[PDB]
$ cat entry-v8.csv   # CSV, C-alpha atoms
chain,number,residue,atom,x,y,z
Q,54,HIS,CA,27.9,13.9,0.5
Q,55,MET,CA,30.6,15.9,2.5
Q,56,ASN,CA,32.5,19.2,2.1
Q,57,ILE,CA,36.4,19.0,2.2
Q,58,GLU,CA,38.4,21.3,4.5
Q,59,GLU,CA,42.2,22.0,4.6
Q,60,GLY,CA,44.7,22.6,7.5
Q,61,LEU,CA,45.3,21.5,11.1
Q,62,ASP,CA,43.2,24.3,12.7
Q,63,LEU,CA,39.6,24.0,11.6
Q,64,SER,CA,38.1,26.5,14.2
Q,65,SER,CA,37.1,29.0,11.4
Q,66,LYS,CA,35.3,26.2,9.3
Q,67,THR,CA,31.6,25.3,9.2
Q,68,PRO,CA,30.5,21.6,9.5
Q,69,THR,CA,28.6,19.9,6.6
Q,70,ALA,CA,24.8,20.0,7.1
Q,71,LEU,CA,23.7,16.3,6.6
Q,72,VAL,CA,20.6,16.1,4.2
Q,73,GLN,CA,18.9,12.7,4.4
Q,74,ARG,CA,17.5,12.1,0.8
Q,75,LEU,CA,14.9,9.3,0.3
Q,76,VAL,CA,13.8,7.6,-3.0
Q,77,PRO,CA,10.3,6.1,-3.4
Q,78,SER,CA,9.6,2.7,-5.0
Q,79,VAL,CA,6.0,1.6,-5.8
Q,80,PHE,CA,4.0,-1.5,-6.9
Q,81,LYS,CA,2.0,-1.4,-10.2
Q,82,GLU,CA,-1.5,-2.7,-10.6
Q,83,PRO,CA,-1.5,-6.5,-10.5
Q,84,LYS,CA,-1.3,-8.4,-13.9
Q,85,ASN,CA,-3.5,-11.4,-14.6
Q,86,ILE,CA,-4.3,-14.3,-17.0
Q,87,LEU,CA,-7.7,-16.0,-17.1
Q,88,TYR,CA,-8.8,-19.3,-18.6
Q,89,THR,CA,-11.6,-21.9,-18.2
Q,90,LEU,CA,-11.9,-25.7,-18.3
Q,91,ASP,CA,-15.0,-27.9,-18.5
Q,92,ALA,CA,-15.5,-30.9,-16.2
Q,93,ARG,CA,-15.0,-32.8,-19.6
Q,94,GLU,CA,-11.7,-31.0,-20.4
Q,95,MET,CA,-10.3,-31.4,-16.9
Q,96,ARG,CA,-10.1,-35.2,-17.6
Q,97,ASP,CA,-6.8,-34.4,-19.6
Q,98,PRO,CA,-4.1,-33.0,-17.2
Q,99,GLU,CA,-2.1,-31.5,-20.0
Q,100,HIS,CA,-4.6,-28.6,-20.6
Q,101,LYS,CA,-4.1,-27.4,-16.9
Q,102,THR,CA,-0.3,-28.0,-17.2
Q,103,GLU,CA,0.1,-26.2,-20.6
Q,104,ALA,CA,-2.2,-23.2,-19.8
Q,105,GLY,CA,-0.1,-22.8,-16.6
J,210,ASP,CA,28.3,-6.6,-21.0
J,211,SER,CA,25.9,-6.8,-24.0
J,212,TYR,CA,22.6,-8.5,-24.7
J,213,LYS,CA,20.0,-8.7,-27.4
J,214,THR,CA,16.5,-7.5,-26.2
J,215,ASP,CA,13.5,-8.5,-28.4
J,216,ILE,CA,11.2,-6.1,-26.5
J,217,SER,CA,12.3,-2.4,-26.6
J,218,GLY,CA,11.0,1.1,-25.5
J,219,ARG,CA,10.6,4.2,-27.7
J,220,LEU,CA,11.2,7.9,-27.4
J,221,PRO,CA,8.4,10.0,-29.0
J,222,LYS,CA,8.9,12.5,-31.9
J,223,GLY,CA,10.0,15.7,-29.9
J,224,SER,CA,8.7,19.2,-30.6
J,225,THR,CA,10.3,21.5,-33.3
J,226,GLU,CA,9.5,24.7,-31.2
J,227,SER,CA,12.3,27.1,-30.2
J,228,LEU,CA,11.6,26.5,-26.4
J,229,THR,CA,13.5,28.2,-23.5
J,230,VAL,CA,13.5,27.9,-19.7
J,231,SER,CA,11.7,30.8,-17.9
J,232,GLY,CA,13.3,32.5,-14.9
J,233,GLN,CA,16.6,30.8,-13.9
J,234,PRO,CA,15.6,27.5,-12.4
J,235,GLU,CA,17.5,26.2,-9.3
J,236,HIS,CA,16.4,23.5,-6.9
J,237,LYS,CA,17.1,22.5,-3.2
J,238,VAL,CA,17.6,19.0,-1.7
J,239,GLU,CA,15.1,18.4,1.1
J,240,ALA,CA,14.3,15.4,3.4
J,241,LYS,CA,10.7,16.5,4.0
J,242,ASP,CA,7.9,18.5,2.3
J,243,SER,CA,5.8,21.1,4.2
J,244,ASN,CA,3.5,18.3,5.4
J,245,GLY,CA,6.4,16.1,6.7
J,246,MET,CA,6.2,13.5,3.8
J,247,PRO,CA,9.4,12.5,2.0
J,248,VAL,CA,10.5,14.5,-1.1
J,249,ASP,CA,11.7,12.6,-4.2
J,250,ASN,CA,15.0,14.5,-4.8
J,251,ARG,CA,15.4,12.6,-8.1
J,252,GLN,CA,13.0,15.0,-9.8
J,253,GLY,CA,12.1,18.8,-9.8
J,254,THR,CA,9.9,21.3,-11.7
J,255,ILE,CA,10.6,24.2,-14.2
J,256,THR,CA,8.7,26.7,-16.3
J,257,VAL,CA,9.3,26.8,-20.1
J,258,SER,CA,8.4,29.5,-22.7
J,259,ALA,CA,5.7,27.4,-24.4
J,260,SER,CA,3.8,24.1,-23.9
J,261,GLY,CA,5.8,22.0,-26.6
U,2,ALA,CA,21.8,22.1,11.2
U,3,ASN,CA,21.1,18.6,9.7
U,4,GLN,CA,17.8,17.9,8.0
U,5,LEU,CA,16.6,14.3,8.4
U,6,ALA,CA,13.7,12.3,7.1
U,7,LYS,CA,10.6,11.7,9.3
U,8,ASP,CA,9.1,8.2,9.5
U,9,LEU,CA,5.7,7.2,11.0
U,10,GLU,CA,6.1,4.8,14.0
U,11,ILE,CA,2.7,3.1,14.0
U,12,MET,CA,2.3,0.2,16.6
U,13,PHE,CA,-0.3,-1.8,14.7
U,14,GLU,CA,-0.2,-4.7,17.2
U,15,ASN,CA,-0.8,-2.6,20.3
U,16,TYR,CA,-4.4,-1.2,20.5
U,17,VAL,CA,-5.3,1.6,22.9
U,18,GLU,CA,-8.0,0.7,25.5
U,19,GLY,CA,-11.7,0.3,24.3
U,20,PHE,CA,-15.3,0.0,25.4
U,21,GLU,CA,-17.5,-3.1,26.0
U,22,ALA,CA,-21.1,-4.2,26.6
U,23,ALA,CA,-21.5,-6.0,30.0
U,24,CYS,CA,-24.5,-8.1,28.8
U,25,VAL,CA,-25.8,-8.5,32.4
U,26,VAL,CA,-29.6,-8.6,31.7
U,27,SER,CA,-29.4,-11.2,28.9
U,28,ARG,CA,-26.7,-13.1,31.0
U,29,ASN,CA,-29.4,-13.3,33.8
U,30,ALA,CA,-32.4,-14.2,31.6
U,31,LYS,CA,-33.7,-17.8,31.3
U,32,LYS,CA,-32.3,-19.9,28.3
U,33,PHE,CA,-34.1,-22.3,26.0
U,34,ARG,CA,-32.8,-24.5,23.1
U,35,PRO,CA,-35.6,-26.2,21.2
U,36,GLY,CA,-34.1,-28.6,18.5
U,37,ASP,CA,-33.3,-26.9,15.2
U,38,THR,CA,-35.0,-29.8,13.3
U,39,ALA,CA,-38.1,-29.4,15.4
U,40,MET,CA,-38.2,-25.6,14.8
U,41,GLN,CA,-37.7,-26.1,11.1
U,42,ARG,CA,-40.6,-28.6,10.9
U,43,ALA,CA,-42.6,-26.1,13.1
U,44,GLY,CA,-41.8,-23.0,10.9
U,45,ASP,CA,-39.8,-21.1,13.7
U,46,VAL,CA,-42.8,-20.7,16.1
U,47,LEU,CA,-43.4,-22.9,19.2
U,48,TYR,CA,-46.3,-22.7,21.7
U,49,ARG,CA,-46.6,-23.3,25.5
U,50,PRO,CA,-49.9,-23.8,27.4
U,51,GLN,CA,-51.3,-21.6,30.2
U,52,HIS,CA,-53.0,-22.9,33.3
U,53,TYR,CA,-56.8,-23.2,33.6
$ encode --input "entry-v8.csv" --output "C-alpha cells"
Amino acid sequence: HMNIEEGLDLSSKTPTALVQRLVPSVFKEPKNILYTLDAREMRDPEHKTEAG
Amino acid sequence: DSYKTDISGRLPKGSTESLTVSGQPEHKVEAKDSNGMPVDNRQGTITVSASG
Amino acid sequence: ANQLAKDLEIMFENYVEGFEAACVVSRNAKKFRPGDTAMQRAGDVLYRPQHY
C-alpha cells in the first residue's frame, strides 16, 4: 500500500517505506478411512467398489 | 450468490462480563520477527481487564 | 527504508564435500565364495586341512 503526494515539486516529501507482509497456510493432520475384507468376501468386486 | 449448506459452524455463548481493553493497544506491520521468521500480520495480541 | 521478508535458500540437491573409507586392506585380502546351499547344509562353518 502506498502514500499519496500532491504537486509538481516533490523534493520536500518522504517516499513510502515498502513493508512486505506474508500470510501462512498449513496442512492439517491426514484424515483416514479403514476397512477389511476376507479372501471369501473379495470374491465379490462390489464390496471393494462400494467401500471405496 | 447463495447456497444451502447442510453442515454449519457455531459461535459459542460469549461472556456476560463488563470487559475492557487494558493500556491503549496499537500494532505494527512487520516482515520478520526478531529471529528472522515471517510474522502473520493478520493477527495481533492485546490485554483485557479480566479472563472472560 | 523498506522492510522485506527473509527466505531460506537451501540447496538440497548440492551436498558439501564429505569423507570416505578407502578399504585398502580388505581390497587386498584373499576372497572366498563357498556356495550358500553348501554353507546352509554345513551350519555356516567350513574346515580346511593342514599339512602333515
$ atom_distance --input "entry-v8.csv" --atom1 "CA of residue 5 (chain U)" --atom2 "CA of residue 69 (chain Q)"
13.4 Å
$ atom_distance --input "entry-v8.csv" --atom1 "CA of residue 10 (chain U)" --atom2 "CA of residue 71 (chain Q)"
22.3 Å
$ atom_distance --input "entry-v8.csv" --atom1 "CA of residue 237 (chain J)" --atom2 "CA of residue 70 (chain Q)"
13.1 Å
$ closest_atom_pairs --input "entry-v8.csv" --of "chain U" --to "chain J" --cutoff "8 Å" --atoms "all atoms listed in the file" --output "Markdown table"
| residue | atom | partner | partner_atom | distance |
| --- | --- | --- | --- | --- |
| U:4 | CA | J:240 | CA | 6.3 |
| U:5 | CA | J:240 | CA | 5.6 |
| U:6 | CA | J:240 | CA | 4.9 |
| U:7 | CA | J:245 | CA | 6.6 |
$ interface_residues --input "entry-v8.csv" --of "chain Q" --to "chain U" --cutoff "12 Å" --atoms "only C-alpha atoms" --output "PyMOL selection string"
chain Q and resi 67-76
$ residues_around --input "entry-v8.csv" --residues "region 219-236 of chain J" --least-positions-apart "2" --cutoff "12 Å" --atoms "only C-alpha atoms" --output "list in words"
residues 216, 217, 238, 239, 250, 251, 252, 253, 254, 255, 256, 257, 258, 259, 260 and 261 of chain J
$ residues_around --input "entry-v8.csv" --residues "residue 35 (chain U)" --least-positions-apart "6" --cutoff "12 Å" --atoms "all atoms listed in the file" --output "PyMOL selection string"
chain U and resi 41-43+45-48
$ decode --input "entry-v8.csv" --residues "region 221-259 of chain J" --atoms "N, CA and C atoms" --output "PDB file, in the first residue's frame"
ATOM      1  N   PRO J 221     -19.732 -19.839  20.096  1.00  0.00           N
ATOM      2  CA  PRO J 221     -20.072 -20.199  21.466  1.00  0.00           C
ATOM      3  C   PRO J 221     -20.921 -19.123  22.140  1.00  0.00           C
ATOM      4  N   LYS J 222     -21.535 -19.438  23.281  1.00  0.00           N
ATOM      5  CA  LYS J 222     -22.130 -18.413  24.143  1.00  0.00           C
ATOM      6  C   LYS J 222     -21.023 -17.567  24.771  1.00  0.00           C
ATOM      7  N   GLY J 223     -20.953 -16.298  24.388  1.00  0.00           N
ATOM      8  CA  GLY J 223     -19.972 -15.348  24.895  1.00  0.00           C
ATOM      9  C   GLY J 223     -20.188 -14.960  26.359  1.00  0.00           C
ATOM     10  N   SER J 224     -19.154 -14.408  26.989  1.00  0.00           N
ATOM     11  CA  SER J 224     -19.203 -13.956  28.381  1.00  0.00           C
ATOM     12  C   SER J 224     -20.186 -12.804  28.601  1.00  0.00           C
ATOM     13  N   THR J 225     -20.766 -12.724  29.798  1.00  0.00           N
ATOM     14  CA  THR J 225     -21.570 -11.579  30.256  1.00  0.00           C
ATOM     15  C   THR J 225     -20.758 -10.548  31.055  1.00  0.00           C
ATOM     16  N   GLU J 226     -19.442 -10.717  31.194  1.00  0.00           N
ATOM     17  CA  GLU J 226     -18.592  -9.785  31.943  1.00  0.00           C
ATOM     18  C   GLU J 226     -18.432  -8.421  31.254  1.00  0.00           C
ATOM     19  N   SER J 227     -18.320  -7.365  32.060  1.00  0.00           N
ATOM     20  CA  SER J 227     -18.075  -5.983  31.618  1.00  0.00           C
ATOM     21  C   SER J 227     -16.592  -5.748  31.287  1.00  0.00           C
ATOM     22  N   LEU J 228     -16.056  -6.496  30.323  1.00  0.00           N
ATOM     23  CA  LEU J 228     -14.643  -6.447  29.936  1.00  0.00           C
ATOM     24  C   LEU J 228     -14.251  -5.120  29.272  1.00  0.00           C
ATOM     25  N   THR J 229     -12.984  -4.742  29.414  1.00  0.00           N
ATOM     26  CA  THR J 229     -12.356  -3.633  28.691  1.00  0.00           C
ATOM     27  C   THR J 229     -11.011  -4.077  28.146  1.00  0.00           C
ATOM     28  N   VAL J 230     -10.479  -3.379  27.145  1.00  0.00           N
ATOM     29  CA  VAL J 230      -9.036  -3.448  26.875  1.00  0.00           C
ATOM     30  C   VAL J 230      -8.256  -2.864  28.055  1.00  0.00           C
ATOM     31  N   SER J 231      -6.963  -3.155  28.131  1.00  0.00           N
ATOM     32  CA  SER J 231      -6.024  -2.554  29.083  1.00  0.00           C
ATOM     33  C   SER J 231      -4.828  -1.966  28.338  1.00  0.00           C
ATOM     34  N   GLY J 232      -4.296  -0.848  28.829  1.00  0.00           N
ATOM     35  CA  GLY J 232      -3.462   0.032  28.010  1.00  0.00           C
ATOM     36  C   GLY J 232      -4.273   0.647  26.869  1.00  0.00           C
ATOM     37  N   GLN J 233      -3.598   1.008  25.779  1.00  0.00           N
ATOM     38  CA  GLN J 233      -4.226   1.510  24.549  1.00  0.00           C
ATOM     39  C   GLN J 233      -3.622   0.774  23.349  1.00  0.00           C
ATOM     40  N   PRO J 234      -4.082  -0.455  23.050  1.00  0.00           N
ATOM     41  CA  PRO J 234      -3.397  -1.336  22.118  1.00  0.00           C
ATOM     42  C   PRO J 234      -3.216  -0.746  20.723  1.00  0.00           C
ATOM     43  N   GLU J 235      -2.009  -0.844  20.192  1.00  0.00           N
ATOM     44  CA  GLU J 235      -1.654  -0.441  18.838  1.00  0.00           C
ATOM     45  C   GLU J 235      -0.592  -1.403  18.321  1.00  0.00           C
ATOM     46  N   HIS J 236      -0.692  -1.807  17.060  1.00  0.00           N
ATOM     47  CA  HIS J 236       0.180  -2.811  16.465  1.00  0.00           C
ATOM     48  C   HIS J 236       0.949  -2.243  15.272  1.00  0.00           C
ATOM     49  N   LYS J 237       2.115  -2.815  14.984  1.00  0.00           N
ATOM     50  CA  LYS J 237       2.896  -2.574  13.766  1.00  0.00           C
ATOM     51  C   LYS J 237       2.551  -3.602  12.690  1.00  0.00           C
ATOM     52  N   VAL J 238       2.827  -3.302  11.428  1.00  0.00           N
ATOM     53  CA  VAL J 238       3.135  -4.343  10.429  1.00  0.00           C
ATOM     54  C   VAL J 238       4.642  -4.603  10.414  1.00  0.00           C
ATOM     55  N   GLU J 239       5.042  -5.846  10.163  1.00  0.00           N
ATOM     56  CA  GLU J 239       6.433  -6.309  10.185  1.00  0.00           C
ATOM     57  C   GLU J 239       6.606  -7.437   9.166  1.00  0.00           C
ATOM     58  N   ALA J 240       7.725  -7.502   8.449  1.00  0.00           N
ATOM     59  CA  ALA J 240       8.003  -8.600   7.520  1.00  0.00           C
ATOM     60  C   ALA J 240       8.674  -9.816   8.192  1.00  0.00           C
ATOM     61  N   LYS J 241       9.366  -9.587   9.314  1.00  0.00           N
ATOM     62  CA  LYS J 241      10.214 -10.531  10.055  1.00  0.00           C
ATOM     63  C   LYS J 241      10.018 -10.343  11.556  1.00  0.00           C
ATOM     64  N   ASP J 242      10.088 -11.416  12.330  1.00  0.00           N
ATOM     65  CA  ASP J 242      10.233 -11.347  13.784  1.00  0.00           C
ATOM     66  C   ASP J 242      11.707 -11.109  14.173  1.00  0.00           C
ATOM     67  N   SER J 243      12.003 -11.069  15.470  1.00  0.00           N
ATOM     68  CA  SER J 243      13.369 -10.910  15.982  1.00  0.00           C
ATOM     69  C   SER J 243      14.315 -12.062  15.620  1.00  0.00           C
ATOM     70  N   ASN J 244      13.798 -13.243  15.270  1.00  0.00           N
ATOM     71  CA  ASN J 244      14.569 -14.413  14.845  1.00  0.00           C
ATOM     72  C   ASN J 244      14.833 -14.428  13.332  1.00  0.00           C
ATOM     73  N   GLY J 245      14.046 -13.677  12.558  1.00  0.00           N
ATOM     74  CA  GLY J 245      14.073 -13.643  11.095  1.00  0.00           C
ATOM     75  C   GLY J 245      13.011 -14.525  10.431  1.00  0.00           C
ATOM     76  N   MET J 246      12.102 -15.134  11.198  1.00  0.00           N
ATOM     77  CA  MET J 246      10.935 -15.836  10.656  1.00  0.00           C
ATOM     78  C   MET J 246       9.836 -14.845  10.250  1.00  0.00           C
ATOM     79  N   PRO J 247       8.947 -15.184   9.303  1.00  0.00           N
ATOM     80  CA  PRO J 247       7.808 -14.341   8.967  1.00  0.00           C
ATOM     81  C   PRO J 247       6.881 -14.054  10.151  1.00  0.00           C
ATOM     82  N   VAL J 248       6.195 -12.914  10.096  1.00  0.00           N
ATOM     83  CA  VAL J 248       5.148 -12.509  11.048  1.00  0.00           C
ATOM     84  C   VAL J 248       3.791 -12.584  10.360  1.00  0.00           C
ATOM     85  N   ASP J 249       2.800 -13.223  10.976  1.00  0.00           N
ATOM     86  CA  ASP J 249       1.436 -13.239  10.445  1.00  0.00           C
ATOM     87  C   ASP J 249       0.712 -11.925  10.784  1.00  0.00           C
ATOM     88  N   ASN J 250       0.780 -10.925   9.903  1.00  0.00           N
ATOM     89  CA  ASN J 250       0.214  -9.587  10.142  1.00  0.00           C
ATOM     90  C   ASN J 250      -1.319  -9.570  10.269  1.00  0.00           C
ATOM     91  N   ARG J 251      -1.952 -10.684   9.921  1.00  0.00           N
ATOM     92  CA  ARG J 251      -3.377 -10.999  10.015  1.00  0.00           C
ATOM     93  C   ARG J 251      -3.899 -11.097  11.450  1.00  0.00           C
ATOM     94  N   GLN J 252      -3.032 -11.174  12.455  1.00  0.00           N
ATOM     95  CA  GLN J 252      -3.393 -11.315  13.871  1.00  0.00           C
ATOM     96  C   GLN J 252      -2.428 -10.566  14.793  1.00  0.00           C
ATOM     97  N   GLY J 253      -2.890 -10.150  15.966  1.00  0.00           N
ATOM     98  CA  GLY J 253      -2.083  -9.473  16.985  1.00  0.00           C
ATOM     99  C   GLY J 253      -2.566  -9.784  18.390  1.00  0.00           C
ATOM    100  N   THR J 254      -1.923  -9.245  19.418  1.00  0.00           N
ATOM    101  CA  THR J 254      -2.211  -9.581  20.821  1.00  0.00           C
ATOM    102  C   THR J 254      -2.553  -8.343  21.647  1.00  0.00           C
ATOM    103  N   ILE J 255      -3.495  -8.475  22.578  1.00  0.00           N
ATOM    104  CA  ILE J 255      -3.977  -7.413  23.468  1.00  0.00           C
ATOM    105  C   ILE J 255      -4.099  -7.934  24.900  1.00  0.00           C
ATOM    106  N   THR J 256      -4.152  -7.029  25.869  1.00  0.00           N
ATOM    107  CA  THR J 256      -4.520  -7.342  27.255  1.00  0.00           C
ATOM    108  C   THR J 256      -5.930  -6.839  27.526  1.00  0.00           C
ATOM    109  N   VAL J 257      -6.729  -7.604  28.263  1.00  0.00           N
ATOM    110  CA  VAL J 257      -8.096  -7.249  28.667  1.00  0.00           C
ATOM    111  C   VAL J 257      -8.243  -7.298  30.184  1.00  0.00           C
ATOM    112  N   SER J 258      -9.217  -6.584  30.735  1.00  0.00           N
ATOM    113  CA  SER J 258      -9.336  -6.377  32.182  1.00  0.00           C
ATOM    114  C   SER J 258      -9.584  -7.650  33.005  1.00  0.00           C
ATOM    115  N   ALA J 259     -10.194  -8.686  32.426  1.00  0.00           N
ATOM    116  CA  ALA J 259     -10.439  -9.981  33.063  1.00  0.00           C
ATOM    117  C   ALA J 259     -10.516 -11.115  32.024  1.00  0.00           C
TER     118      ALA J 259
END
